[PDB]
Number of protein chains: 2
Amino acid sequence: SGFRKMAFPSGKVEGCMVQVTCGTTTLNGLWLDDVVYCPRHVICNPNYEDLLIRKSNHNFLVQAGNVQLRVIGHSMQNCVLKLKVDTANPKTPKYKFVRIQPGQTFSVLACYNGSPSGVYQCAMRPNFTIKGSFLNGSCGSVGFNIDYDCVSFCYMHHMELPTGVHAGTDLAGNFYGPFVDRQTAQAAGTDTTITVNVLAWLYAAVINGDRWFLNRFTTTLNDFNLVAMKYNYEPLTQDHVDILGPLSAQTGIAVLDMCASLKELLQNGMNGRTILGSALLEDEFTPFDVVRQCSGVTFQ
Amino acid sequence: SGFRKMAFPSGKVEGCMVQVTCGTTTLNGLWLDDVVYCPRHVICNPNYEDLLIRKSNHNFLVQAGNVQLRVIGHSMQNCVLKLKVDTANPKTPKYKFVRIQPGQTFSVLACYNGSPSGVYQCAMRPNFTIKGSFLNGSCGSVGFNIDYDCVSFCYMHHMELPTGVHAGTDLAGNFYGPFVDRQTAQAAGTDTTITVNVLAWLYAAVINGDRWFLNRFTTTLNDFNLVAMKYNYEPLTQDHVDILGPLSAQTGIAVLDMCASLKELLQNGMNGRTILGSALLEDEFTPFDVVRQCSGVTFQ
Ligand SMILES: *[C@](O)(C(N)=O)[C@H](C[C@@H]1CCNC1=O)NC(=O)[C@@H]1[C@@H]2[C@H](CN1C(=O)[C@@H](NC(=O)NC(C)(C)C)C(C)(C)C)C2(C)C
Ligand SMILES: *[C@](O)(C(N)=O)[C@H](C[C@@H]1CCNC1=O)NC(=O)[C@@H]1[C@@H]2[C@H](CN1C(=O)[C@@H](NC(=O)NC(C)(C)C)C(C)(C)C)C2(C)C
């Protein structure tokens, strides 16, 4: 037992991190087969199409540890640069590029100068920011999930917003949210709490012996959502309820009953108590995160 | 910016995890050079010396993925079993075995059937338990730190206490705390909060723009420790103050002034507010964790 904010093992991704230097900019790239993916802002209101037509392959210095990689072609796809290199990464895992939905969680392998610094778990917020931990040099660090043996890359880091939160793209270079890779006025947008994730985490708490927040009451989806809005929670849909089905089945607590418990927590606060060692309602565990950590699924 | 509970990249350790099966018990082992380390309770008020004299090398089935490892010798060192195998692990990193002090943090690579499931950050509690996330089959999972290129193994998982917390050994098989690998009555002991870590995390908060908890006041080490005891905090020593020196220097906040701020937080609570996204005072970041995450140190 126990419940921790758990990241995927990062080895498959560590084997793909490289350093990309162009002019005065150094950042990280993702080396998969014979392509290195990095943020297009590594090139020297900028017009990146113009900037890129003016660069040569030899302007890109790609370093994989102490082995320099020669670029033999380059292209831009949305806000990512794809550097064709003459060597396929022998450590390339099985992988997919996925564009995730807000509320979905992923692991971030924070990197500097192509070298992994740390791994941690994030959620894509409803306002399409992530609350990451990123210092200068971390651009090109990627977020990912692992499904059995396959790495699903879902995030590459590009920039920090003035509120200290972070914005980036999928691995095809499309930003999450309305952000652009320009030094222009941009604000994150009002965030909301991921309701289906809070409920999942309450089920995690029950599976682990926390029960103090339960009540004998129930609610309709409609009356719950009426309370959710006042507290800046995302609407809970029937699809969310369906997703919460297995956790409901394992614990014997109807989804709508756990909603009634969340309602009472929202209205009365936690009154000096903790749930899974938190004094806040935690929303960066999906239902599938809870099932993975509470049943013991492995990867390889 | 941002501050996250960050684990070390786990790739160097993933390359060392194996499955050890003996009789009806399957658990994880750590394969370094030609030795596999696992908990001595994998062997069939038990007297392990007797139990082990009665086992043969061929009773130990060691699986490294889809390659079976043949045991050519075995010995017991305290509560760990060392299985000599005929093949040195080619993925063996630079490594050390270290016995950590309470208050020190480490990353845990949770494993089942030799296969990594997830990575998360832990502290050794003052009562020598860890608040981990461990299901049946996770024994032999290890905790570790990485210093540049070297993996310092500090923990191997053995058992769960009735309060849902966890106990284990160093990699030489000595338990942390008074625990024994017997199914006998054992209780964790009253825990306390790691004071020097809370102060480090408050400095992390300042480095990241949280300042609301600061005050114009100061305190002596003696008067602070008087308040610390009432709230079940570990005594803060001058050595702790010295360790907090760099963070004090970077932020311009004397250690004793940050103590006065912690005093006021202990006495008034946080009153509806959060620090680094927590509504509790967080104590599983060491001073060195804060400096690593707020300056960008990498590993390789
Ligand atoms: C990245 O390029 C790298 N080399 O690591 C860097 C990562 C940043 C640095 C601090 N924390 C991070 O996550 N990204 C950038 O420097 C991007 C890059 C240029 C500006 N930029 C920023 O993140 C800036 N933010 C910013 O300008 N925000 C606005 C005003 C657009 C809302 C800044 C000030 C450097 C943090 C581009 C092309 C956006
Ligand atoms: C480990 O052997 C494995 N195969 O993974 C297992 C890990 C446990 C299982 C559930 N969560 C864990 O961390 N460890 C054990 O089974 C150890 C082993 C035998 C009992 N044991 C326990 O952890 C038990 N706890 C326990 O007996 N606690 C006392 C009463 C001593 C305080 C239990 C009940 C299985 C959780 C030994 C030799 C201690």
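Start at 1 and count along the chain as shown; that gives each residue its number.
Recorded method for this deposit: X-ray crystallography, 1.8 Å.
Including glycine, each Cβ sits where the backbone N, Cα and C put it.
Taken from Swiss-Prot, the feature ubiquitin cross-link covers B:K5, B:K84. According to Swiss-Prot, the feature active site, for 3CL-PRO activity maps to B:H41, an assignment based on sequence analysis. Annotation source Swiss-Prot lists active site, nucleophile at B:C139.
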Min neighbour Cβ count (10 Å) across recorded positions B:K5, B:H41, B:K84 flags B:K84
After the CB under 8 A filter against chain A, the remaining recorded positions out of B:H41, B:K84, B:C139 are none
Number of other Cβ atoms within 10 Å of the Cβ of the residue listed as 'active site, nucleophile' across all protein chains = 25
If you measure from the Cα of the residue listed as 'active site, nucleophile', which of the recorded positions B:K5, B:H41, B:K84 is the nearest?
-> B:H41
Between the Cα of B:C44 and the Cα of B:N45, on either side of 6 unmodelled residues, the distance in whole Å is 13
Distance-selected recorded positions near ligand 2 (C-beta under 6 Å), from B:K5, B:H41, B:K84, B:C139 = B:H41, B:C139
Where does B:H41 (active site, for 3CL-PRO activity) sit in the DSSP three-state scheme?
-> helix
Which state, by DSSP, holds the residue listed as 'active site, nucleophile': helix, strand or coil?
-> coil
Per DSSP (helix/strand/coil reduction), B:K84 (ubiquitin cross-link) sits in strand
